[PDB]
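Asker: So that we are looking at the same thing, I have put the structure below in structure tokens.
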Number of protein chains: 2
Amino acid sequence: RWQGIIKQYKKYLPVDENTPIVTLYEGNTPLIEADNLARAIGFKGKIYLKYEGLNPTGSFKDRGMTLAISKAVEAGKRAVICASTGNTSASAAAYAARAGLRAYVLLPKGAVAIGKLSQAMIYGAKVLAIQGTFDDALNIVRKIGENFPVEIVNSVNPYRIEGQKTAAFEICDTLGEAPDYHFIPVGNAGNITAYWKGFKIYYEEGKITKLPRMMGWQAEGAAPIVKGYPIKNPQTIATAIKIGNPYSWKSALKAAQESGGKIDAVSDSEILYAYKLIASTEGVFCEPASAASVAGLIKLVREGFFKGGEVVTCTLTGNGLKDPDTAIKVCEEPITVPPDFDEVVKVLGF
Amino acid sequence: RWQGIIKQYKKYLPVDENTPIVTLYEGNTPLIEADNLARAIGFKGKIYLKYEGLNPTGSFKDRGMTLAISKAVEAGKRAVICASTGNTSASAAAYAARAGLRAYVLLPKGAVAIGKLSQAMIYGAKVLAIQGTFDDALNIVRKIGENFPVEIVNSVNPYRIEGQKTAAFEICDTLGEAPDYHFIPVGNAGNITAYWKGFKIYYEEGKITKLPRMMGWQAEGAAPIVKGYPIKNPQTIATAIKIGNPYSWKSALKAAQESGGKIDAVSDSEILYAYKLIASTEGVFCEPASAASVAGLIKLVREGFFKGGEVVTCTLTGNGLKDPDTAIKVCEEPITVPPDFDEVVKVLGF
Ligand SMILES: *Cc1c(COP(=O)(O)O)cnc(C)c1O
Ligand SMILES: *Cc1c(COP(=O)(O)O)cnc(C)c1O
């Protein structure tokens, strides 16, 4: 029986026999062999899609929060506090509810938008609209953590990356060896960092004989790592990776460098093409940001990057049900047809 | 290790060693012990939530579609077809894509509300807006199946209920025994029927020492099974159970009678309370219809139904990410607070 990532990989995590485990059975997500997709893009090798959208709150972030909240409970924290309007906030809230802890979200009145906060809110998170600026409100978040037993779960929390490395463990456990390449979307770059650390651990332990080349992918209008300098106003339909100054920038470059990989960019058009193709070839629905990994692969295929026979794994970071707006946006118009058998058959290719 | 429900429960299904298995790794969803929820509603026993929202397309229907589509391939069908605007169509489309088959959806141009078809469409379903009624489109779908190798995957397809019975197998496998009661939402009633069939099979094999009383739940504004007569214009915010003339009506009545349970109703207000409470006490986000099961449980606990010590399982049929509109609707607007630490702290109460 699957019982969460902490119980499965406890010997690799900063926990012990007394650490309280707050889990929603995250992890152990499908590693789907995508032969239809491979044929559709002309990739002469095996493609495996790690479908993280099936995690409890719809994002791989759950891997980090289970450990982060568990450690918080162990430390006697009475609540968690966040300053995010995305998957981070929803994930932290879910685990806080599971742990019986309070969850607080402080954001500037301007960054508030119910659509992006509904999930976190239903989890029980108390959202405050700070009548001020972004950094204005982060100061308040900081002051709370310094003065009260409230756990800050921003990027600064080291347990998030630690829990996230378990995705690499699962790929290696399932395949029996590491892939030749691992494709992953890159926003704040914590995930690519985590996977690399995960692969190195299994390698240092002798569980795998080779280390995958880490191929990270950013959206064109928000590719500070690819360019080498921060992006003031990052732009991209893939909200999850719309980051101008990634928190884990340094470790991400090290991961690409050590693994012999690279962090590159793809356009929103290429991202949407992959987003749709993944669903129409394999019946796997991920969110736009997740598709960047496959879009990256498609790009390299067309450029004649591969020699043939390589094994590639792609992280589909979030559930496509996370983004109903983009889903509706890419939908063509339903073809209108008269109530006539023969006409219908005519429209269809019969 | 998990490879889908067909491979896991092959001996219980109408398949042989030569049947092509089209799977998306559906099934084996978390059976979450909800102690926080139990304490929150005063239930003096054990509550387990079967979180079906984590299935590949967001609902338990994936269990039926994996078999239905696999059987269609085996039969040499070139496509699948239905006339649904809900989870049925999305599920069928995803499995058709996985199987490399085409998927067609015929619906009256009227009911066409894009948000409800976006998922089926991204999976590659070809949706036709028929300038007629539901009955006109239904006859065209029938004529298509009688004249072409296109598999009808609506309610009449027997494989859906067969694949769905695996949910009960999983519950019994995980617990090592059957629950005293099983709470489940009831729309067309195929799921309740499937679970009952599943429990009886394990009982007959001796894998369980008891048979669960089946407790089905409908929304009061659409409870034809409860009232005994079709509901011309069913109403409820829980769209997945907004069914006025359930296809498996007779089977549901039999399941309730034979198991010693019953099919009852709960108000939308009671459903929404459950929907929110499940999320805030456990960090589990299911869609409204799914919450009907817990709402039913809450109703009975308050009415003094239980005696204490009973084990109850609840099927949370769909992912909360399936219904963004209701999620936004139940959310209170964030509280506006000045950028003053003491004020913020005063608002939260530390
Ligand atoms: C957070 C998130 C990302 C970005 O992850 P990083 O570690 O910041 O690069 C990508 N996709 C989804 C769905 C996310 O939630
Ligand atoms: C189909 C569906 C139901 C109703 O299932 P029935 O077997 O028709 O009673 C309930 N919830 C969700 C999420 C569904 O997709």
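Labels used: A, B, ... for chains in the order of the structure tokens, numbers from 1 for residues in each chain, and numbers from 1 for ligands as shown.
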Determine which residues of range 38-144 of chain A DSSP labels as strand (DSSP E) from the backbone of this structure, then write them out as a PDB file with C-alpha atoms, in the first residue's frame.
Answerer:
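Produced file part_15.pdb, reproduced below:
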ATOM      1  CA  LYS A  46      11.285   5.852 -25.371  1.00  0.00           C
ATOM      2  CA  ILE A  47       9.425   8.720 -23.729  1.00  0.00           C
ATOM      3  CA  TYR A  48       8.048   8.453 -20.176  1.00  0.00           C
ATOM      4  CA  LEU A  49       5.733  11.108 -18.721  1.00  0.00           C
ATOM      5  CA  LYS A  50       5.813  11.588 -14.927  1.00  0.00           C
ATOM      6  CA  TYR A  51       2.209  12.756 -14.407  1.00  0.00           C
ATOM      7  CA  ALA A  79       0.247  27.481  11.643  1.00  0.00           C
ATOM      8  CA  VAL A  80       1.918  28.047   8.280  1.00  0.00           C
ATOM      9  CA  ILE A  81       2.099  31.358   6.469  1.00  0.00           C
ATOM     10  CA  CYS A  82       2.432  32.017   2.773  1.00  0.00           C
ATOM     11  CA  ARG A 102      -4.031  27.143  10.526  1.00  0.00           C
ATOM     12  CA  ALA A 103      -2.892  28.552   7.184  1.00  0.00           C
ATOM     13  CA  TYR A 104      -2.413  32.247   6.479  1.00  0.00           C
ATOM     14  CA  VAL A 105      -1.923  33.937   3.121  1.00  0.00           C
ATOM     15  CA  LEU A 106      -0.767  37.571   3.092  1.00  0.00           C
ATOM     16  CA  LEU A 107      -0.835  39.321  -0.280  1.00  0.00           C
ATOM     17  CA  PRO A 108      -1.093  42.907  -1.541  1.00  0.00           C
ATOM     18  CA  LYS A 126      -7.250  32.752   5.666  1.00  0.00           C
ATOM     19  CA  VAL A 127      -6.365  35.275   2.974  1.00  0.00           C
ATOM     20  CA  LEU A 128      -5.579  38.881   3.851  1.00  0.00           C
ATOM     21  CA  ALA A 129      -5.594  41.696   1.309  1.00  0.00           C
ATOM     22  CA  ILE A 130      -2.751  43.917   2.502  1.00  0.00           C
TER      23      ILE A 130
END
Asker: Compile the contact shell of range 7-23 of chain A as a list in words: residues with an atom at most 8 Å away, counting only C-alpha atoms, same-chain residues fewer than 6 positions apart removed.
Answerer: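 Here the qualifying residues turn out to be residues 66, 67, 69, 70, 71, 73, 74, 95, 98, 99, 162, 163 and 166 of chain A.
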Asker: Output C-alpha atoms for every residue in the selection just made, as a compact mmCIF listing (two decimals), in the first residue's frame.
Answerer:
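Result file follows (again_24.txt):
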# COMPACT_ATOMS: atom_id res chain seq x y z
CA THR A 66 4.28 17.04 3.09
CA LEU A 67 7.82 17.30 4.48
CA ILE A 69 4.37 20.73 7.22
CA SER A 70 5.46 17.52 8.91
CA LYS A 71 8.65 19.23 10.07
CA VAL A 73 4.38 20.06 13.35
CA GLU A 74 7.50 18.42 14.73
CA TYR A 95 -1.27 20.02 4.28
CA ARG A 98 -4.46 17.76 7.17
CA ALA A 99 -2.15 18.59 10.08
CA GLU A 162 14.20 17.90 -0.06
CA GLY A 163 10.74 16.42 -0.46
CA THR A 166 11.65 11.98 -4.29
Asker: Measuring between only C-alpha atoms, which one of B:304, B:283, B:76, B:320 shows the shortest distance to chain A?
Answerer: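 Once distances to chain A are computed over only C-alpha atoms, the minimum belongs to B:283.
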Asker: Neighbours of ligand 2 within 10 Å, counting only C-alpha atoms and all ligand atoms, as a PyMOL selection string?
Answerer: chain B and resi 52-53+57-62+86-91+155+160-161+164+184-195+216-218+238-243+246-249+252+286-293+315-320+322-323
Asker: Write out chain A, as a compact mmCIF listing (two decimals) with C-alpha atoms, in the first residue's frame, after superposing it onto chain B by least squares using every C-alpha atom paired in order.
Answerer:
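This went into result07.txt:
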# COMPACT_ATOMS: atom_id res chain seq x y z
CA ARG A 1 4.28 -0.97 -9.50
CA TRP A 2 0.67 0.04 -10.08
CA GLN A 3 -0.32 -0.69 -13.68
CA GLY A 4 -4.02 0.10 -13.95
CA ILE A 5 -7.17 -1.64 -12.74
CA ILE A 6 -7.43 -4.24 -15.52
CA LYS A 7 -4.01 -5.76 -14.85
CA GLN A 8 -4.66 -5.71 -11.09
CA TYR A 9 -8.11 -7.34 -11.22
CA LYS A 10 -8.04 -9.12 -14.57
CA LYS A 11 -9.41 -12.37 -13.14
CA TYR A 12 -12.57 -10.46 -12.17
CA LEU A 13 -13.03 -8.82 -15.57
CA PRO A 14 -14.20 -9.96 -19.04
CA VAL A 15 -10.72 -10.02 -20.56
CA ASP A 16 -8.07 -12.61 -21.36
CA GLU A 17 -4.39 -12.99 -22.27
CA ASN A 18 -5.05 -11.41 -25.69
CA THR A 19 -7.19 -8.42 -24.66
CA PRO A 20 -5.40 -5.15 -25.49
CA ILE A 21 -5.02 -3.10 -22.30
CA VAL A 22 -5.46 0.66 -22.68
CA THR A 23 -4.71 2.08 -19.27
CA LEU A 24 -3.79 5.45 -17.78
CA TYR A 25 -2.89 3.91 -14.42
CA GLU A 26 -6.37 4.72 -13.12
CA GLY A 27 -7.44 3.28 -9.79
CA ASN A 28 -5.37 2.63 -6.66
CA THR A 29 -6.57 6.01 -5.43
CA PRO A 30 -5.99 7.00 -1.78
CA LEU A 31 -8.32 5.60 0.91
CA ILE A 32 -7.71 8.42 3.41
CA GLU A 33 -8.51 8.01 7.13
CA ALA A 34 -10.33 11.22 8.03
CA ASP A 35 -9.97 11.62 11.80
CA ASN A 36 -10.16 15.43 11.64
CA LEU A 37 -13.43 15.22 9.70
CA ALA A 38 -14.81 12.60 12.09
CA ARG A 39 -14.02 14.87 15.05
CA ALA A 40 -15.51 17.85 13.23
CA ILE A 41 -18.86 16.10 12.69
CA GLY A 42 -18.88 14.10 15.92
CA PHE A 43 -18.74 10.67 14.27
CA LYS A 44 -17.56 8.16 16.88
CA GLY A 45 -15.98 5.69 14.49
CA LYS A 46 -13.57 5.58 11.57
CA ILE A 47 -14.17 7.43 8.31
CA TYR A 48 -12.20 6.60 5.14
CA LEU A 49 -12.41 8.79 2.03
CA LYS A 50 -11.83 7.08 -1.34
CA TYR A 51 -10.38 10.05 -3.27
CA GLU A 52 -11.35 9.21 -6.89
CA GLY A 53 -10.54 12.75 -7.94
CA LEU A 54 -6.97 11.58 -8.44
CA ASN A 55 -7.90 9.36 -11.39
CA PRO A 56 -6.31 10.40 -14.77
CA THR A 57 -9.17 12.63 -15.98
CA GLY A 58 -10.43 13.60 -12.53
CA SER A 59 -13.36 11.18 -12.18
CA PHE A 60 -14.02 7.57 -11.16
CA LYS A 61 -15.47 7.19 -14.69
CA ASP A 62 -11.92 6.29 -15.74
CA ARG A 63 -12.44 2.87 -14.15
CA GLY A 64 -15.17 2.11 -16.64
CA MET A 65 -13.56 3.68 -19.68
CA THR A 66 -10.30 1.77 -19.40
CA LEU A 67 -12.29 -1.46 -19.78
CA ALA A 68 -14.76 -0.01 -22.28
CA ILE A 69 -12.05 1.29 -24.64
CA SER A 70 -9.86 -1.77 -24.18
CA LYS A 71 -12.78 -3.99 -25.17
CA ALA A 72 -13.51 -1.63 -28.08
CA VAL A 73 -9.96 -2.02 -29.40
CA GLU A 74 -10.27 -5.77 -28.94
CA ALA A 75 -13.42 -5.67 -31.07
CA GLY A 76 -11.62 -3.71 -33.78
CA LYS A 77 -13.56 -0.48 -33.25
CA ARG A 78 -12.00 2.53 -34.97
CA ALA A 79 -13.46 5.18 -32.70
CA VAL A 80 -15.77 5.83 -29.76
CA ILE A 81 -18.84 8.03 -29.84
CA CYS A 82 -20.50 9.89 -27.01
CA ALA A 83 -23.47 12.20 -26.43
CA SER A 84 -22.36 13.61 -23.06
CA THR A 85 -21.17 17.04 -21.95
CA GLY A 86 -19.67 15.90 -18.66
CA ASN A 87 -17.05 13.66 -17.06
CA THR A 88 -18.15 10.74 -19.24
CA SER A 89 -17.10 12.55 -22.41
CA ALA A 90 -13.75 13.70 -21.03
CA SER A 91 -12.96 10.20 -19.76
CA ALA A 92 -13.92 8.44 -23.01
CA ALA A 93 -11.83 10.92 -25.01
CA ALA A 94 -8.72 10.43 -22.87
CA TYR A 95 -8.85 6.67 -23.28
CA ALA A 96 -9.59 6.97 -26.99
CA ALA A 97 -6.48 9.16 -27.40
CA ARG A 98 -4.46 6.65 -25.37
CA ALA A 99 -5.74 3.84 -27.61
CA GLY A 100 -5.02 5.79 -30.79
CA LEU A 101 -8.73 5.88 -31.61
CA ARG A 102 -10.89 8.80 -32.69
CA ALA A 103 -13.51 10.20 -30.32
CA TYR A 104 -16.76 11.81 -31.44
CA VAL A 105 -19.20 13.84 -29.36
CA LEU A 106 -22.63 14.58 -30.84
CA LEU A 107 -24.78 17.05 -28.92
CA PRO A 108 -27.64 19.44 -29.71
CA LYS A 109 -26.50 23.01 -30.43
CA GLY A 110 -28.33 23.97 -27.25
CA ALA A 111 -26.41 21.65 -24.90
CA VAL A 112 -23.03 22.94 -26.09
CA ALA A 113 -20.97 24.98 -23.62
CA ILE A 114 -17.18 25.08 -24.07
CA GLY A 115 -16.43 25.10 -20.34
CA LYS A 116 -17.99 21.65 -19.95
CA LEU A 117 -16.33 20.34 -23.12
CA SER A 118 -12.80 21.78 -22.99
CA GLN A 119 -11.15 18.74 -21.41
CA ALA A 120 -12.77 16.29 -23.81
CA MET A 121 -11.77 18.57 -26.65
CA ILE A 122 -8.13 18.90 -25.67
CA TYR A 123 -8.04 15.09 -25.51
CA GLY A 124 -8.82 15.31 -29.24
CA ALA A 125 -12.58 14.67 -29.23
CA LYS A 126 -14.41 16.07 -32.25
CA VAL A 127 -17.54 17.84 -31.03
CA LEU A 128 -20.49 18.40 -33.34
CA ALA A 129 -23.26 20.90 -32.63
CA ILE A 130 -26.34 19.15 -33.99
CA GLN A 131 -28.85 21.80 -35.04
CA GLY A 132 -31.66 19.82 -33.44
CA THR A 133 -33.04 18.28 -30.25
CA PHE A 134 -31.39 15.91 -27.76
CA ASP A 135 -33.23 12.78 -28.88
CA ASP A 136 -32.88 14.09 -32.43
CA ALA A 137 -29.14 13.64 -32.09
CA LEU A 138 -29.17 10.38 -30.15
CA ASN A 139 -30.85 8.83 -33.17
CA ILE A 140 -27.83 9.86 -35.24
CA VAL A 141 -25.48 8.42 -32.61
CA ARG A 142 -27.44 5.16 -32.80
CA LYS A 143 -27.36 5.05 -36.61
CA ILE A 144 -23.59 5.49 -36.58
CA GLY A 145 -23.05 2.56 -34.24
CA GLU A 146 -25.30 0.34 -36.34
CA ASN A 147 -23.63 1.23 -39.63
CA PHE A 148 -19.95 1.77 -38.72
CA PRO A 149 -17.30 0.17 -36.44
CA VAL A 150 -17.68 3.00 -33.91
CA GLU A 151 -18.06 2.18 -30.22
CA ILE A 152 -20.97 3.81 -28.39
CA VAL A 153 -19.81 4.52 -24.85
CA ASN A 154 -23.08 5.76 -23.32
CA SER A 155 -24.65 4.15 -20.23
CA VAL A 156 -25.71 1.23 -22.43
CA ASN A 157 -22.10 0.01 -22.45
CA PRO A 158 -21.91 -2.77 -19.79
CA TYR A 159 -18.13 -2.56 -19.37
CA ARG A 160 -18.40 0.75 -17.54
CA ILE A 161 -20.14 -0.76 -14.53
CA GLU A 162 -17.80 -3.76 -14.69
CA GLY A 163 -14.69 -1.62 -14.50
CA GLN A 164 -16.18 0.55 -11.77
CA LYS A 165 -16.69 -2.36 -9.37
CA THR A 166 -12.91 -2.36 -8.89
CA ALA A 167 -13.29 0.55 -6.48
CA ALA A 168 -14.97 -1.80 -4.00
CA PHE A 169 -12.15 -4.31 -4.48
CA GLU A 170 -9.58 -1.69 -3.54
CA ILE A 171 -11.42 -0.64 -0.39
CA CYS A 172 -11.64 -4.28 0.70
CA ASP A 173 -7.98 -4.91 -0.21
CA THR A 174 -6.78 -1.88 1.75
CA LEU A 175 -8.98 -2.34 4.84
CA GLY A 176 -8.64 -6.13 4.88
CA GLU A 177 -12.42 -6.39 5.37
CA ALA A 178 -15.56 -4.58 4.22
CA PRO A 179 -16.83 -1.37 5.91
CA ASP A 180 -20.06 -1.36 7.90
CA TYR A 181 -21.44 1.25 5.52
CA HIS A 182 -20.45 2.71 2.16
CA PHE A 183 -21.59 6.25 1.35
CA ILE A 184 -21.78 7.23 -2.31
CA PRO A 185 -23.36 9.94 -4.48
CA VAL A 186 -26.08 8.70 -6.85
CA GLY A 187 -26.68 10.19 -10.29
CA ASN A 188 -27.43 7.58 -12.95
CA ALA A 189 -26.82 5.03 -10.18
CA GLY A 190 -24.25 3.02 -12.12
CA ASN A 191 -21.58 3.51 -9.46
CA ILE A 192 -23.60 2.36 -6.44
CA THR A 193 -24.62 -0.65 -8.56
CA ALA A 194 -20.97 -1.32 -9.39
CA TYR A 195 -19.76 -1.09 -5.79
CA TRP A 196 -22.47 -3.47 -4.61
CA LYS A 197 -21.57 -5.98 -7.31
CA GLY A 198 -17.93 -5.59 -6.29
CA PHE A 199 -18.65 -6.19 -2.62
CA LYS A 200 -20.79 -9.24 -3.40
CA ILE A 201 -18.04 -10.78 -5.52
CA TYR A 202 -15.46 -10.47 -2.75
CA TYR A 203 -18.05 -11.79 -0.29
CA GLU A 204 -19.00 -14.77 -2.46
CA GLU A 205 -15.29 -15.48 -2.74
CA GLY A 206 -14.80 -15.27 1.01
CA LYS A 207 -12.43 -12.30 0.90
CA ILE A 208 -14.77 -10.37 3.20
CA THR A 209 -17.02 -11.66 6.00
CA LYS A 210 -19.71 -8.98 5.91
CA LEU A 211 -21.41 -6.87 3.26
CA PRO A 212 -21.51 -3.10 3.68
CA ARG A 213 -24.87 -1.37 3.88
CA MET A 214 -25.04 0.78 0.74
CA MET A 215 -25.99 4.36 1.57
CA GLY A 216 -26.61 6.29 -1.63
CA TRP A 217 -27.25 10.04 -1.71
CA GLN A 218 -29.06 12.32 -4.14
CA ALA A 219 -29.44 16.09 -4.25
CA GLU A 220 -32.86 17.25 -3.00
CA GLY A 221 -33.90 18.85 -6.29
CA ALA A 222 -32.89 15.78 -8.27
CA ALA A 223 -33.87 12.76 -6.18
CA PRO A 224 -36.10 10.62 -8.43
CA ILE A 225 -34.93 7.42 -6.73
CA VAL A 226 -35.68 8.78 -3.27
CA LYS A 227 -39.13 9.93 -4.40
CA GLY A 228 -40.00 6.94 -6.56
CA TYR A 229 -40.76 8.80 -9.79
CA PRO A 230 -38.82 10.72 -12.52
CA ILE A 231 -37.96 14.40 -12.13
CA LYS A 232 -38.68 16.35 -15.32
CA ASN A 233 -36.30 19.21 -14.59
CA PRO A 234 -33.74 18.07 -11.99
CA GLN A 235 -32.15 20.92 -10.05
CA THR A 236 -28.89 21.02 -8.07
CA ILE A 237 -25.52 22.70 -7.88
CA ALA A 238 -23.94 19.21 -7.96
CA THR A 239 -24.09 18.82 -11.75
CA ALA A 240 -22.64 15.29 -11.71
CA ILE A 241 -25.78 13.97 -9.97
CA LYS A 242 -28.35 16.27 -11.60
CA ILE A 243 -30.26 13.31 -13.08
CA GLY A 244 -34.05 13.04 -13.36
CA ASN A 245 -34.41 9.50 -14.68
CA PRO A 246 -31.34 7.42 -13.70
CA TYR A 247 -30.30 4.77 -16.21
CA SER A 248 -29.44 2.23 -13.47
CA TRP A 249 -32.48 3.02 -11.29
CA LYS A 250 -33.57 -0.62 -10.90
CA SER A 251 -30.20 -2.12 -9.96
CA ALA A 252 -29.58 0.75 -7.52
CA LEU A 253 -32.77 -0.01 -5.59
CA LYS A 254 -31.76 -3.67 -5.55
CA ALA A 255 -28.34 -2.74 -4.17
CA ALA A 256 -29.88 -0.73 -1.33
CA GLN A 257 -32.44 -3.47 -0.67
CA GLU A 258 -30.01 -6.42 -0.69
CA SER A 259 -27.36 -4.58 1.33
CA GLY A 260 -29.84 -3.31 3.90
CA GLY A 261 -28.95 0.21 2.88
CA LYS A 262 -30.93 3.07 1.41
CA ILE A 263 -30.82 5.87 -1.16
CA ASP A 264 -31.73 9.20 0.41
CA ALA A 265 -31.45 12.93 -0.22
CA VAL A 266 -29.60 15.95 1.12
CA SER A 267 -30.00 19.63 0.28
CA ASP A 268 -27.54 21.66 -1.80
CA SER A 269 -26.73 23.54 1.43
CA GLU A 270 -25.81 20.31 3.19
CA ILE A 271 -23.82 19.27 0.12
CA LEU A 272 -21.85 22.52 0.03
CA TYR A 273 -21.19 22.35 3.78
CA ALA A 274 -19.64 18.89 3.34
CA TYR A 275 -17.82 20.01 0.18
CA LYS A 276 -16.08 22.72 2.19
CA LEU A 277 -15.63 20.73 5.40
CA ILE A 278 -13.85 17.86 3.64
CA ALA A 279 -11.29 20.34 2.33
CA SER A 280 -10.84 22.34 5.55
CA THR A 281 -10.49 19.29 7.80
CA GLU A 282 -8.47 16.93 5.60
CA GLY A 283 -6.98 18.96 2.74
CA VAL A 284 -8.94 16.85 0.26
CA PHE A 285 -10.56 18.79 -2.58
CA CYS A 286 -13.47 17.02 -4.30
CA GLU A 287 -16.26 18.36 -6.50
CA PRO A 288 -19.77 19.16 -5.12
CA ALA A 289 -21.40 15.90 -6.26
CA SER A 290 -18.69 13.90 -4.47
CA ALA A 291 -19.44 15.72 -1.21
CA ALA A 292 -23.01 14.35 -1.17
CA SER A 293 -21.68 11.13 0.33
CA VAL A 294 -20.20 12.92 3.36
CA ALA A 295 -23.24 15.18 3.60
CA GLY A 296 -25.33 12.02 3.82
CA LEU A 297 -23.12 10.79 6.65
CA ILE A 298 -23.38 14.10 8.50
CA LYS A 299 -27.16 13.90 8.22
CA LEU A 300 -27.31 10.42 9.73
CA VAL A 301 -24.86 11.40 12.48
CA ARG A 302 -27.04 14.31 13.59
CA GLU A 303 -30.16 12.12 13.49
CA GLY A 304 -28.46 9.74 15.93
CA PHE A 305 -28.32 6.90 13.40
CA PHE A 306 -25.04 5.38 14.60
CA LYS A 307 -24.28 3.38 17.74
CA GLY A 308 -20.53 3.95 17.78
CA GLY A 309 -17.45 2.25 16.41
CA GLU A 310 -18.79 1.69 12.90
CA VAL A 311 -16.39 1.80 9.95
CA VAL A 312 -17.57 3.96 7.08
CA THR A 313 -16.10 4.56 3.62
CA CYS A 314 -17.14 7.46 1.40
CA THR A 315 -16.58 7.77 -2.32
CA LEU A 316 -15.35 11.21 -3.36
CA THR A 317 -16.21 10.70 -7.04
CA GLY A 318 -14.49 13.70 -8.63
CA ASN A 319 -11.56 16.11 -8.34
CA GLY A 320 -12.56 19.52 -6.97
CA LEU A 321 -10.48 21.04 -9.77
CA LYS A 322 -13.27 19.83 -12.09
CA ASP A 323 -15.55 22.64 -10.84
CA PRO A 324 -13.80 26.04 -10.64
CA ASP A 325 -17.14 27.87 -10.72
CA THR A 326 -18.48 26.41 -7.49
CA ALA A 327 -15.05 26.84 -5.89
CA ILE A 328 -15.15 30.57 -6.61
CA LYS A 329 -18.83 30.81 -5.63
CA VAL A 330 -18.28 29.51 -2.07
CA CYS A 331 -15.20 31.65 -1.46
CA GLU A 332 -15.65 34.38 1.12
CA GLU A 333 -14.14 37.81 0.50
CA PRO A 334 -10.43 38.39 1.28
CA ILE A 335 -10.22 40.64 4.35
CA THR A 336 -8.59 43.96 3.45
CA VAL A 337 -6.00 45.21 5.94
CA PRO A 338 -3.44 48.06 6.07
CA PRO A 339 0.32 47.39 5.59
CA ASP A 340 0.94 47.30 9.34
CA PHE A 341 2.43 44.40 11.32
CA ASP A 342 0.43 45.10 14.47
CA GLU A 343 -2.84 45.54 12.56
CA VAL A 344 -2.27 42.32 10.62
CA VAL A 345 -1.52 40.46 13.84
CA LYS A 346 -4.71 42.04 15.17
CA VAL A 347 -6.82 40.69 12.30
CA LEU A 348 -5.31 37.22 12.75
CA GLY A 349 -5.85 35.58 16.13
CA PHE A 350 -2.40 36.28 17.59
